[PDB]
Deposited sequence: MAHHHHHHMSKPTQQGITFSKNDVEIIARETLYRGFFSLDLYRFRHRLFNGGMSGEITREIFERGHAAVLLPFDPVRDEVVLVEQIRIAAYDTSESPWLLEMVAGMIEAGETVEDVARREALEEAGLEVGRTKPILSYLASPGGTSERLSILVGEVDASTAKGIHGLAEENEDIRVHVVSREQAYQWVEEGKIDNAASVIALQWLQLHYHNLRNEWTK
């Protein structure tokens, strides 16, 4: 059961940068084994390269509350009612950094929050047909009574919102929260909150 082939079964022949900016778009050239027993010819694919991210679900297990951050994401404009989105604390992971270090720094910068205990949620590929981006989600213990106000640096303007867990999940169901990181984190929380609250309120 499970997948069929490993890295022994694919060769990346070359990568060619197509666009070099803040992010990049690369052409990967590769060959790989086929399910029918053969080898592919040389395949090329365009891949959006933007590094990888740490994501923090700020959860108050005493109050059963979730902290959301609101900020504009202009890429949402063409398909969304508003480009202002309700999201998880998050940031890019630079060389040598840990997911936790980034999550804690961003919790302070984006939401004014200290974080207590932390546990992994899941690490996922955002859209692996066209981007390499991986985002690694943690849940972080917070005191939601300390979450409030306007944060961010400059080019960054972020409003904190505090909701109950059930309210946040209702917002997912209704489409008011509709970005992958937040949907994944809040679905996970709906599946795990009973044990998590028990663990963190012993």
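Q: Mind pulling out the bits of the deposited sequence that never got modelled, as residue ranges from 1?
A: Several stretches lack coordinates - namely 1-14, 168-169, in sequence order.
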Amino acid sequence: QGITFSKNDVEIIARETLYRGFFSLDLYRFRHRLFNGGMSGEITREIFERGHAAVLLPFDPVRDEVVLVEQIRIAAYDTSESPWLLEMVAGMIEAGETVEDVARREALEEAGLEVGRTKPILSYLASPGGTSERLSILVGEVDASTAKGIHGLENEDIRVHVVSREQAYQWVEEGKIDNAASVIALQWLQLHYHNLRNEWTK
From here on, numbers count along this sequence of modelled residues.
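Superpose the two forms; the largest set of C-alphas matching within 1.5 Å is the rigid core.
Q | Rigid core superposition result in 9 other deposited structures of this protein, more deviant of 33-41, 57-65 by Cα | A | Per-stretch check in 9 other deposited structures of this protein: the more divergent one is 33-41.
Q) Is residue 152 unbuilt in at least a third of the other PDB entries compared? A) Result for residue 152: often missing, at least a third of the compared entries.
Q. Got a sec? Mean C-alpha B-factor, which is higher, 141-149 or 34-42?
A. In the deposited entry, the stretch with the higher C-alpha B-factor mean is 34-42.
Q: Could you check the entry and say whether 52-60 or 167-175 has the higher mean CA B-factor?
A: Mean C-alpha B-factor is greater for 167-175.
**Q.** Candidate set 75, 89, 95, 125 [ranked by C-alpha B-factor, highest]
**A.** Result of the comparison over 75, 89, 95, 125: 95.
Q) Hey, what third does residue 82 fall into on Cα B-factor, ranked over its chain? A) As the PDB entry reports it, the C-alpha B-factor of residue 82 lands in the highest third of its chain.
**Q.** Ranked against its chain, the third holding the CA B-factor of residue 188
**A.** It falls in the bottom third of the chain.
Q. Which third, lowest, middle or highest, does the CA B-factor of residue 181 fall in along this chain?
A. CA B-factor rank for residue 181: lowest third.
Q | Relative C-alpha B-factor of residue 115, binned into the chain's lowest, middle or highest third | A | Residue 115: CA B-factor falls in the middle third of its chain.
Q: Within this chain's modelled residues, let me know which third the CA B factor of residue 156 belongs to: lowest, middle or highest.
A: Highest third of the chain for residue 156's C-alpha B-factor.
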